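Coordinates from query-v6.txt are shown below (compact mmCIF, C-alpha atoms).
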# COMPACT_ATOMS: atom_id res chain seq x y z
CA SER J 1 0.00 0.00 0.00
CA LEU J 2 3.12 2.21 -0.28
CA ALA J 3 4.22 1.02 -3.76
CA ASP J 4 0.80 2.39 -4.58
CA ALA J 5 1.43 5.95 -3.31
CA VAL J 6 5.10 6.07 -4.31
CA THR J 7 4.32 5.24 -7.95
CA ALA J 8 1.22 7.46 -8.28
CA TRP J 9 3.85 10.20 -8.66
CA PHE J 10 5.40 8.60 -11.77
CA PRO J 11 3.40 8.89 -15.05
CA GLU J 12 0.81 6.49 -16.53
CA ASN J 13 3.93 5.47 -18.49
CA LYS J 14 6.46 4.18 -15.89
CA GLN J 15 3.85 3.06 -13.24
CA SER J 16 5.72 -0.27 -8.36
CA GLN J 17 7.82 -3.47 -8.71
CA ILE J 18 10.85 -1.39 -7.69
CA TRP J 19 8.85 -0.22 -4.66
CA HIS J 20 7.07 -3.38 -3.55
CA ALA J 21 10.75 -4.14 -3.06
CA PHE J 22 10.93 -1.81 -0.08
CA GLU J 23 7.50 -2.37 1.46
CA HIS J 24 9.03 -3.79 4.68
CA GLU J 25 11.80 -1.31 5.42
CA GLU J 26 11.39 0.48 8.75
CA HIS J 27 8.95 3.44 8.45
CA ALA J 28 7.19 2.67 5.14
CA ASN J 29 3.99 2.73 7.20
CA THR J 30 4.60 6.43 7.85
CA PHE J 31 6.32 7.44 4.60
CA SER J 32 3.43 6.20 2.48
CA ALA J 33 0.92 8.21 4.52
CA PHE J 34 3.07 11.32 4.15
CA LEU J 35 3.08 11.03 0.34
CA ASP J 36 -0.69 10.29 0.21
CA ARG J 37 -1.08 13.48 2.12
CA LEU J 38 1.22 15.55 -0.12
CA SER J 39 -0.51 14.67 -3.43
CA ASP J 40 -3.87 15.10 -1.69
CA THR J 41 -3.16 18.86 -1.68
CA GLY J 42 5.69 20.19 -13.04
CA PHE J 43 5.72 19.47 -9.29
CA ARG J 44 4.57 15.85 -9.77
CA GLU J 45 7.60 15.13 -12.07
CA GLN J 46 10.17 16.77 -9.72
CA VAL J 47 8.74 14.87 -6.75
CA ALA J 48 9.32 11.84 -8.95
CA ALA J 49 12.97 12.86 -9.59
CA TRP J 50 13.31 13.01 -5.81
CA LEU J 51 11.83 9.53 -5.47
CA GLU J 52 14.40 8.33 -8.02
CA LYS J 53 17.47 9.15 -5.91
CA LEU J 54 15.57 7.46 -3.05
CA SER J 55 15.50 4.29 -5.17
CA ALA J 56 19.14 4.87 -6.29
CA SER J 57 20.54 5.29 -2.77
CA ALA J 58 19.56 3.02 0.06
CA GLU J 59 21.21 5.19 2.73
CA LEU J 60 19.13 8.20 1.59
CA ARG J 61 15.97 6.14 1.69
CA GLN J 62 16.48 5.14 5.33
CA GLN J 63 17.23 8.72 6.23
CA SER J 64 14.21 10.13 4.52
CA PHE J 65 11.97 7.44 5.99
CA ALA J 66 13.45 8.24 9.34
CA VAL J 67 12.79 11.93 8.94
CA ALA J 68 9.19 11.30 7.99
CA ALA J 69 8.75 9.29 11.17
CA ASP J 70 10.65 11.52 13.58
CA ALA J 71 8.10 14.32 13.52
CA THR J 72 6.67 15.44 16.79
CA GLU J 73 3.37 13.67 15.97
CA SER J 74 1.44 16.12 18.19
CA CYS J 75 -0.97 18.22 16.11
CA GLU J 76 -1.16 19.44 12.52
CA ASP J 77 1.25 16.48 11.96
CA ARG J 78 3.71 19.10 10.76
CA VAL J 79 3.28 18.18 7.18
CA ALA J 80 5.13 21.36 6.13
CA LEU J 81 7.91 20.80 8.65
CA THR J 82 8.33 17.25 7.38
CA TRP J 83 8.40 18.33 3.73
CA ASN J 84 11.11 20.93 4.54
CA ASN J 85 13.13 18.42 6.57
CA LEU J 86 13.03 15.98 3.67
CA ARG J 87 14.60 18.58 1.47
CA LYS J 88 17.20 19.56 4.12
CA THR J 89 18.05 15.84 4.13
CA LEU J 90 18.39 15.53 0.33
CA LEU J 91 20.48 18.73 0.29
CA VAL J 92 22.78 17.18 2.91
CA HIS J 93 23.17 13.87 0.96
CA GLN J 94 23.49 15.90 -2.31
CA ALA J 95 26.18 18.17 -0.88
CA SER J 96 27.75 15.02 0.65
CA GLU J 97 28.12 13.54 -2.85
CA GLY J 98 29.76 16.76 -4.02
CA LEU J 99 27.09 18.41 -6.13
CA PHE J 100 27.80 21.95 -4.77
CA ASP J 101 31.63 21.81 -4.54
CA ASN J 102 32.27 23.95 -7.58
CA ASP J 103 28.90 25.66 -7.25
CA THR J 104 28.57 27.13 -3.78
CA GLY J 105 26.57 30.01 -5.31
CA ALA J 106 23.66 27.71 -6.16
CA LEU J 107 23.77 26.54 -2.54
CA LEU J 108 23.51 30.12 -1.35
CA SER J 109 20.14 30.64 -3.13
CA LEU J 110 18.69 27.27 -2.10
CA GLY J 111 19.58 28.11 1.46
CA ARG J 112 17.84 31.51 1.04
CA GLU J 113 14.70 29.75 -0.28
CA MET J 114 14.87 27.17 2.52
CA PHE J 115 15.27 29.83 5.18
CA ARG J 116 12.24 31.61 3.82
CA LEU J 117 10.28 28.35 3.80
CA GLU J 118 11.27 27.65 7.38
CA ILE J 119 9.94 30.98 8.49
CA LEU J 120 6.78 30.67 6.47
CA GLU J 121 6.23 27.43 8.30
CA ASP J 122 6.41 29.17 11.69
CA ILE J 123 4.02 31.85 10.60
CA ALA J 124 1.64 29.21 9.29
CA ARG J 125 1.88 27.06 12.38
CA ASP J 126 0.92 30.17 14.29
CA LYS J 127 -1.95 31.28 12.06
CA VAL J 128 -3.63 27.83 12.13
CA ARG J 129 -3.94 27.98 15.98
CA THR J 130 -6.75 30.56 15.47
CA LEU J 131 -8.43 28.71 12.61
CA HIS J 132 -10.89 25.81 12.86
CA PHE J 133 -10.88 23.00 10.30
CA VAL J 134 -7.89 24.42 8.40
CA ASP J 135 -4.81 22.28 8.53
CA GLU J 136 -1.48 23.97 8.55
CA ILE J 137 -0.46 22.43 5.24
CA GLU J 138 -3.22 24.46 3.62
CA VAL J 139 -2.08 27.77 5.11
CA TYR J 140 1.55 27.05 4.34
CA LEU J 141 0.71 26.50 0.64
CA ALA J 142 -1.43 29.63 0.57
CA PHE J 143 1.69 31.56 1.74
CA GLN J 144 4.14 29.64 -0.45
CA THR J 145 1.96 30.07 -3.57
CA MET J 146 0.94 33.68 -3.09
CA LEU J 147 4.44 34.82 -2.22
CA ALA J 148 6.10 32.43 -4.68
CA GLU J 149 6.69 35.44 -6.88
CA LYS J 150 7.20 38.22 -4.28
CA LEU J 151 9.67 36.04 -2.20
CA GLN J 152 11.65 34.46 -5.16
CA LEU J 153 10.57 30.84 -4.41
CA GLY J 154 -7.05 30.40 -1.44
CA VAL J 155 -7.57 29.48 2.21
CA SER J 156 -10.40 31.04 4.27
CA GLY J 157 -9.00 33.05 7.23
CA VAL J 158 -5.74 34.02 5.53
CA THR J 159 -6.11 37.63 4.38
CA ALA J 160 -4.29 40.23 2.29
CA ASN J 161 -2.90 41.82 5.46
CA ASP J 162 -1.55 38.39 6.60
CA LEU J 163 0.31 37.91 3.34
CA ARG J 164 1.73 41.39 3.36
CA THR J 165 2.57 40.84 7.03
CA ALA J 166 4.25 37.53 6.48
CA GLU J 167 6.23 38.87 3.52
CA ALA J 168 7.51 41.68 5.69
CA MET J 169 8.54 39.44 8.57
CA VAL J 170 10.43 37.17 6.25
CA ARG J 171 12.19 40.06 4.52
CA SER J 172 13.07 41.38 7.95
CA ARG J 173 14.42 38.06 9.28
CA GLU J 174 16.22 37.30 6.01
CA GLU J 175 18.27 40.57 6.16
CA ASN J 176 19.10 40.33 9.83
CA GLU J 177 19.44 36.57 10.36
CA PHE J 178 20.33 34.89 7.12
CA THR J 179 24.12 34.84 6.91
CA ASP J 180 24.13 33.75 10.56
CA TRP J 181 21.83 30.80 9.72
CA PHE J 182 23.51 29.66 6.55
CA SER J 183 26.65 29.54 8.71
CA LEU J 184 24.90 26.85 10.75
CA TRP J 185 23.18 25.00 7.97
CA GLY J 186 23.65 21.22 7.55
CA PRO J 187 24.06 21.45 3.74
CA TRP J 188 26.69 24.25 4.05
CA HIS J 189 28.46 22.14 6.61
CA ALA J 190 28.72 19.10 4.36
CA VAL J 191 30.28 21.34 1.71
CA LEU J 192 32.87 22.70 4.14
CA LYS J 193 33.80 19.22 5.30
CA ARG J 194 33.99 18.41 1.58
CA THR J 195 35.88 21.24 -0.19
CA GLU J 196 37.43 23.30 2.65
CA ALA J 197 38.56 20.40 4.88
CA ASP J 198 41.45 22.34 6.31
CA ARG J 199 39.90 25.70 7.19
CA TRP J 200 37.36 23.46 8.93
CA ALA J 201 39.70 21.91 11.45
CA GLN J 202 41.04 25.41 12.10
CA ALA J 203 37.50 26.51 12.91
CA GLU J 204 37.07 23.45 15.15
CA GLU J 205 40.25 24.44 17.03
CA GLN J 206 39.17 28.06 16.93
CA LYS J 207 36.06 27.15 18.98
CA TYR J 208 37.78 24.94 21.54
CA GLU J 209 40.00 27.94 22.17
CA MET J 210 37.01 30.26 22.49
CA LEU J 211 35.35 27.85 24.89
CA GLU J 212 38.54 27.74 26.89
CA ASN J 213 38.92 31.49 27.15
CA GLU J 214 35.24 32.41 27.48
CA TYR J 215 32.70 29.65 28.38
CA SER J 216 32.88 29.96 32.17
CA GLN J 217 32.95 33.73 32.04
CA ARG J 218 30.18 34.04 29.42
CA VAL J 219 28.17 31.62 31.56
CA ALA J 220 28.50 33.89 34.63
CA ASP J 221 27.55 36.86 32.33
CA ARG J 222 24.06 35.38 32.24
CA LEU J 223 23.43 34.11 35.76
CA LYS J 224 24.25 37.66 36.79
CA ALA J 225 21.94 38.76 33.98
CA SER J 226 18.89 36.52 34.60
CA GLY J 227 19.77 36.77 38.33
CA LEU J 228 19.58 32.96 38.68
CA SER J 229 22.98 31.91 40.14
CA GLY J 230 22.67 28.84 42.37
CA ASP J 231 19.71 27.13 40.62
CA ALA J 232 21.20 23.95 39.14
CA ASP J 233 19.10 23.85 35.94
CA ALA J 234 19.20 27.62 35.26
CA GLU J 235 22.96 27.06 35.01
CA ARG J 236 22.34 24.04 32.76
CA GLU J 237 20.44 26.13 30.31
CA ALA J 238 22.87 29.05 30.35
CA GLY J 239 25.72 26.60 29.62
CA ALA J 240 23.94 25.42 26.50
CA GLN J 241 23.18 28.96 25.28
CA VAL J 242 26.86 29.69 25.57
CA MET J 243 27.72 26.61 23.49
CA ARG J 244 25.38 27.67 20.69
CA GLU J 245 26.59 31.31 20.73
CA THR J 246 30.25 30.26 20.44
CA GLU J 247 29.43 27.83 17.59
CA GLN J 248 27.45 30.59 15.94
CA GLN J 249 30.36 33.08 16.06
CA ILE J 250 32.90 30.49 14.87
CA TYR J 251 31.06 29.29 11.79
CA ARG J 252 29.90 32.73 10.76
CA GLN J 253 33.56 33.76 10.78
CA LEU J 254 34.21 30.66 8.77
CA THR J 255 31.37 31.32 6.32
CA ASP J 256 32.36 35.02 5.92
CA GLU J 257 35.79 33.91 5.02
CA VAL J 258 35.01 30.97 2.80
CA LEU J 259 32.51 33.02 0.78
CA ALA J 260 34.91 35.94 0.40
CA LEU J 261 36.85 33.47 -1.75
CA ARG J 262 33.95 33.26 -4.23
Show this structure as structure tokens.
Amino acid sequence: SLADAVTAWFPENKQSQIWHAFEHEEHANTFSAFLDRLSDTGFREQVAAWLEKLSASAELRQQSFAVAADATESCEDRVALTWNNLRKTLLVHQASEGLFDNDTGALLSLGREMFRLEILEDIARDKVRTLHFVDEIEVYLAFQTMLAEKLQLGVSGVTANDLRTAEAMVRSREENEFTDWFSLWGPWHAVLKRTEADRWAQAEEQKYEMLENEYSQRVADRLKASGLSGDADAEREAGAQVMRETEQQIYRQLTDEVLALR
């Protein structure tokens, strides 16, 4: 009952024997459902191209199946989140092959796109909390379609002001937060491990050294800030924020530099 949904994306022409082949791999239960759901809302052929590399690489299949299953299966299923994570995955495996090595410009756009899609998902998750009988996939697509043109990529309750509002908040967050985010992005990271092996280790080292000189002190510069010294967990959390802020500054530096090359 997956070989069904997988193949319904191929044409009347190439329509399953390749996919009955996988019907017992861990998470086909969930992956099938996800597809069903995706069609049930050009594109068809590209989704098929995607499914091709998933036949061509086993490792990628397990990863994509895994991603489909790992969702926080709370509410709204996070169809949009899953879709976006499945691309992040393919980007990672694609970069891992070496498809962006001599084309880090292409990666820069895709990242931009992806960033914008990530944000549109948050906006949509939010909007759907005040709407009855409208699943978040619907609102996401409304945004994605209507701002497809305006952001270089019909649902009742989503209005002209919402679109104009969402477009603004993206454009704001893109200018102020993009480079910082690309710096941290799994696909960029594969590429750095790939092409710029050496500058990478130097960044690794660069962060150990920053931790050494500044973790403890930066950690105290928060328990004096939040006024929560003593509390065991409030220290826990402030430790972790310090980790992420040193990793952020390292890899930005690294991105800045490795892009200056191109």
- Task: Identify which of the residues J:38, J:201, J:149, J:60 lies closest to residue J:97, counting all atoms listed in the file when measuring atom-to-atom distances.
- Result: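 Checking each candidate against residue J:97, we get J:60 as the closest.
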- Query: Of the residues J:18, J:243, J:231, J:200, which is the one nearest to residue J:216, using only C-alpha atoms?
  - Reply: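 For residue J:216, the nearest of the given residues is J:243.
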- Proximity to residue J:211 - best of J:239, J:98, J:111, J:11, all atoms listed in the file: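 Of J:239, J:98, J:111, J:11, the one nearest residue J:211 is J:239, counting all atoms listed in the file.
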- Within 12 Å of residue J:238, counting only C-alpha atoms, which residues qualify if same-chain residues fewer than 5 places away don't, as a list in words?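 Within the cut-off, the hits are residues 215, 216, 217, 218, 219, 220, 221, 222, 223, 224, 225, 226, 227, 228, 229, 231, 232, 233, 243, 244 and 245 of chain J.
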The selected residues should be written to file as a short mmCIF file (atom, residue, chain, number, x, y, z; two decimals), in the coordinates of the input (atoms: C-alpha atoms).
data_model
loop_
_atom_site.label_atom_id
_atom_site.label_comp_id
_atom_site.auth_asym_id
_atom_site.auth_seq_id
_atom_site.Cartn_x
_atom_site.Cartn_y
_atom_site.Cartn_z
CA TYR J 215 32.70 29.65 28.38
CA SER J 216 32.88 29.96 32.17
CA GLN J 217 32.95 33.73 32.04
CA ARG J 218 30.18 34.04 29.42
CA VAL J 219 28.17 31.62 31.56
CA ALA J 220 28.50 33.89 34.63
CA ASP J 221 27.55 36.86 32.33
CA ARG J 222 24.06 35.38 32.24
CA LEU J 223 23.43 34.11 35.76
CA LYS J 224 24.25 37.66 36.79
CA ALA J 225 21.94 38.76 33.98
CA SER J 226 18.89 36.52 34.60
CA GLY J 227 19.77 36.77 38.33
CA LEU J 228 19.58 32.96 38.68
CA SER J 229 22.98 31.91 40.14
CA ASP J 231 19.71 27.13 40.62
CA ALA J 232 21.20 23.95 39.14
CA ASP J 233 19.10 23.85 35.94
CA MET J 243 27.72 26.61 23.49
CA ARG J 244 25.38 27.67 20.69
CA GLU J 245 26.59 31.31 20.73
#
- Message: My list of candidates is J:36, J:205, J:214, J:25. Which is closest to residue J:6 when distances are computed with only C-alpha atoms?
- Response: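 So, comparing all the options, the nearest one is J:36.
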- Task: For each of J:32, J:115, J:107, J:160, take the minimum atom-to-atom distance to residue J:95, counting all atoms listed in the file, then give the residue where this is smallest.
- Result: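 Residue with the minimum atom-to-atom distance to residue J:95: J:107.
Shortest atom-to-atom contact with residue J:262 among J:140, J:191, J:104, J:2: J:104, counting only C-alpha atoms.
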Determine, using all atoms listed in the file, which residues of stretch 166-257 of chain J have any atom at most 12 Å from an atom of stretch 70-88 of chain J, and tabulate each with its shortest atom pair and distance in Å to one decimal place, rows ordered by chain and then rising number, as a Markdown table.
| residue | atom | partner | partner_atom | distance |
| --- | --- | --- | --- | --- |
| J:185 | CA | J:88 | CA | 9.0 |
| J:186 | CA | J:88 | CA | 7.5 |
| J:187 | CA | J:88 | CA | 7.1 |
| J:188 | CA | J:88 | CA | 10.6 |
| J:189 | CA | J:88 | CA | 11.8 |
| J:190 | CA | J:88 | CA | 11.5 |
